[PDB]
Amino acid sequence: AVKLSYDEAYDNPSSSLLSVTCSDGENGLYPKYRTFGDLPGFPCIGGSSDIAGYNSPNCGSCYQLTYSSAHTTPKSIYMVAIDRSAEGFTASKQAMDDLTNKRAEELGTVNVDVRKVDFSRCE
């Protein structure tokens, strides 16, 4: 497993793709997507340590993140990675609340299973 955290920066649909690591360049997401809210499956977007820096080939990849709660059955979300995180993943608060049944703030950071999946799964 890997760590999943959240950051409410990813909940603002109006933020520019120029504000994250996966800005422009061959692998960047601007100008195809101008703002966060243009991303497929917004607000299920965020950062990953698989984004090594500018122009990473992992920019725009779709990750299935699965949380197995102590108190309920498994749930997955599908996150588009657009930004570097220094370790593991950092999603929107809405995405982490979706994953954990509204416990993002309470938990802060959870362990998840991760698989890179087809981009269609984030659509």
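Numbers for residues come from their place in the sequence shown, where the first is 1.
Peer 1: Give the stretch, out of 27-35 and 74-82, with the larger mean C-alpha temperature factor in the deposited entry.
Peer 2: Stretch with the greater average CA B-factor: 27-35.
Peer 1: Of the two stretches 52-60 and 65-73, which shows the higher Cα B-factor on average in the entry?
Peer 2: Looking at the record's C-alpha B-factors, the answer is 65-73.
Peer 1: Quick check on the deposited entry: does the C-alpha B-factor of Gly46 sit in the lowest, middle or highest third of its chain?
Peer 2: It belongs to the lowest third of the chain when residues are ordered by C-alpha B-factor.
Peer 1: What third of the chain, by the recorded C-alpha B-factor, contains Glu123?
Peer 2: Highest third of the chain for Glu123's C-alpha B-factor.
Peer 1: Compare the C-alpha B factor of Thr21 with those of the other modelled residues in its chain, then answer lowest, middle or highest third.
Peer 2: Within its chain, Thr21 is a lowest-third residue by C-alpha B-factor, going by the deposited values.
Peer 1: Lowest, middle or highest third of the chain for the C-alpha temperature factor of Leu4?
Peer 2: According to the entry, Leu4 has a C-alpha B-factor in the chain's lowest third.
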